[PDB]
Every structure is written in C-alpha cells, then in structure tokens.
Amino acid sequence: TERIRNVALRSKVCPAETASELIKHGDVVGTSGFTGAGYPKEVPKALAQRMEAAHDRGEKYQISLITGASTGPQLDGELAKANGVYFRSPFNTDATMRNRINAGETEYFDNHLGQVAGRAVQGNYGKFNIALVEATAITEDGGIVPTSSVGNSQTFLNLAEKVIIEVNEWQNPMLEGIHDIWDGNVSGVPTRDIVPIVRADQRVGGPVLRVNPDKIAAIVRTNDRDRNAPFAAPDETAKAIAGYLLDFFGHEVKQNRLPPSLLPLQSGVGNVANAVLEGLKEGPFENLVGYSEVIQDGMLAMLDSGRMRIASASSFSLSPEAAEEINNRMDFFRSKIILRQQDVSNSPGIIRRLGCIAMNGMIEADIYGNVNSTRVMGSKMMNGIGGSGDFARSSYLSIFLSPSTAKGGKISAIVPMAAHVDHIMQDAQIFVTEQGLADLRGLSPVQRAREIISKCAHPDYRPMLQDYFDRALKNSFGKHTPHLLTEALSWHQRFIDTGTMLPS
C-alpha cells in the first residue's frame, strides 16, 4: 500500500541526492537512530559521495552529527569513510567512525543519553540546521510514524530549521501504534512538566511524531535494512555470571529486599546481558517488567515465554532471527512493548520512582569499585557511556557485570586503579564476574576492595591485586582509599608495552 497517507506531502518526494544538497558544510544535523535501529540510510550515503567529491576539489564539506544513540554502516560508516563529520554525539558503535574518533579526526562527546534532548534545546550543539528522520509512514493528518526506535527524533524535529524525512518500505507497517510520544515538557525550558508515569506499562502520549509540514523540505522514499545484533549464544563465562546474579536475586527475595516479581529491569547493551535475560527466561521470578533503553533478543524471549509481562524502551536491538520472529507476530508483541522518547526512558526521575534494577557491562573496575565503561587504557574510545549513568545512579540497585579478564587472559578486568572512570563507587553496589559476586552495600572503600578482590578477580590476577592493596595499606599517603601512585596505572602501561598485564 501507500506509506505517505497525506496527499499534499507526496508533492515533496524527491531523490536522496537532491535532498542531500539541502545539507551544507558546517550544518548541525539531528537524526533518528538508536542501537542500530531506525537511522536514515539513503540521504547519508549520497551526502557521503558528494563529500568526497567536494574534498577532492578542495572544498571543505563536513557536518556535526547528533543522533539518538548508535546508527549503522549507511550512516556513521559512510560519513566516516568520507571524512565528513567534524563532531559526533552521543553514542557510536561503527568501526570506521570509532577509528576516526580514536585518531582525532572526528570530535566526539558521549553525553548521558537521557540528557541529550535537553542539551540540544539549550543549544549546546549549536543551531540545528537539519533533522533527518526515518519513518514507517506519514498519517493523513501529517503525523510522522517512527520506525524501530524513537530516540531523540521528536526533539530534533522541533529544533531543526529544515526537515528531511526518509520513508522506508523495509520497515514493518505494523510498527504504527507501538510508540508513545508525549507532548509534555521533558527537556524544554524550565520549569519542566511532571512526567506522570508511575508504571512501566503506562502510555501517556500518542503514536506519531509531530512536525510542521512547512518545515519538511524533502521526503525520500527508501528501502534498506537496519543492522542486526549477532545471533550467537552466551558462553560458559556468561552463564556463570548469570547464575551468580540469579542466586543473588533469589536471596534478596527471601530476605524481603525484593518482591518475587523483582522490580522493573534495565538490561544494558552487550552479550553478558543476553546470558542474564536467558537466565531470567527460565527463572523463578514471574510477572517481570522491563523499563530499559532497548529491547534485545533476551527480553523478546521473555515476553515470548510470558515470564515478562511488558517492556518499555526507546529502541530495538535484535538478531535477524529475533527480527523475523517479531515481524511475523508483530500483533502479539506490539501489545507488550512500548517505545518511548529516550529522554523519558532514560529519565532519572522516572527510573528512581519506579525503582529500577540496573544491570550493565563494563570495561574494567578498580579494587574500590569505580567503573570504566568506555575508554581502554584511559584514552581509546570503545562505544560510549550511553545510558549506563542515567540508570546506575538512579536505580534501586546498580549492578555491573563482566568476564574477570579480557583479550584471552592478557587483561584483568579488575585493576588497581581504573584508567578512566564513568561510574564512581557511589553508583555501583554489586559486581559479578564468572569468579563470583561482590555485594558492596554499606561498605567503606577498604571493605569494598576486600570483597571485589576475593570474590570477582581472576585467580591469575588476584595475588597481584592483593600485593598492591597490602602495600597501599602500608604506604599510601592517606588510608581512606589507599593507593600507590607509582604503580596505580602500571598494569595498563605494561599491557601497552608488552601486550599483557601479566609480568614476565
């Protein structure tokens, strides 16, 4: 059938190439796109080709690119290859863009995801010249139906001088109805409105993004797919991690520190997460509820098994198999999923009110339980902080999960001092590795260290950590959080120098 149901807006249809010409060197461009879902695809490719051409002619041609979160090859990839992004925010997972960032070729700032809309309204990224947004359809009354994520799209539409819409036939038409877009003041000028959400399942808005049709300068009909998560399954390391956490939850319920149905669940991006969700799929906790940033394979499975009743998120992140599963049964799943603006899904006010349990991955933690989520050796960007801070600090319980080692045992995920900190001690109560679980609630830093070292550290590294800690306790400037500054970062330098943190 026809995706552009507003007749007058059909007159605005044009080629991706023509549309890209609307984007000028220096422009700030806000796009849809979150966890590889729902980003614009055709216009960016054409922009990319035109950028390389201009460069070869000695013509400066770059943009600032603000998204919901991560995109995909068509967007971050192509623009990165063309060397056409001078600034990027707030979250990337594309390899080429990552290389531009780590080479100092593209400036990057990974804002808390729930804050981006507000900072954009404040003007932190500059004036938005363009909003480039992917849509499933356009309603008769000119509503824009989003695709597989909401992200920041409503805000970008509000802000931008000109609007380009990509309407993508690839996206399932039955997405229409799944989203909840609130017309309230969440990220606008203070004083903001109270967001009246008191239950994860509660809808407070409507199914479409709103925009003034006068701002729409081009509509481009497209047909191309989102990225998929890898299908692969959780290994023995992940399963052990899931096992410790599930036992922990069990003991909390017995002590009456959690209800039998737990609390609204936030599961982060990563593979350790899927182990946990798979664990919960066949777990003893019924009538679960998700209040997260993303719907991954694991959550989809739990909605399937009925072990989870409903899930709130801003986006999808699904394997091709999971994607197929949902696109066949969209009517079933649609009644169990709510996609929200990311400034609502990641609202600290709402997260705390609902009492979410936050479960996130990490690069590394130090012995005191400070967490690095982002910067390897302190300087090389992986993905970004994303929403891990939004959730960790606001949660009822903040949990970080990781293999105790990386790179085949050549790196310890528990270190004397983190090379970069994303989450301070105060924002992390529980740590889990395949070695065990450390419950840090109510503990001082020295007490946190004893737990983390004995429970979580790999046997190969535990004695080295105990050696560091003992000598710090003896020789540190202060004894509240004992360190030896001459060796605090020495394991990282050793990896840099030798390829392993294990001494020779």
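When you see a residue number, it is the position in the sequence shown, counting from 1.
As the entry records it, the average C-alpha temperature factor is higher for 24-32, out of 440-448 and 24-32. Averaged over Cα atoms, the B-factor as recorded in the entry is higher for 268-276 than for the other of 268-276 and 378-386. Comparing C-alpha B-factors across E434, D76, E325, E107 in the deposited entry, the largest value falls on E325. The PDB entry assigns its highest CA temperature factor, among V371, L339, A137, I367, to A137. In the deposited entry, the Cα temperature factor of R494 sits in the middle third of values across the chain's modelled residues.
Ranked within its chain, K162 lands in the highest third, by CA B factor from the PDB record.
When the modelled residues of the chain are ordered by C-alpha B-factor, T147 sits in the middle third.
The PDB entry assigns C14 a C-alpha temperature factor belonging to the highest third of its chain's modelled residues. For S345, the recorded CA B-factor ranks within the lowest third of the chain. Only modelled residues enter the ranking.
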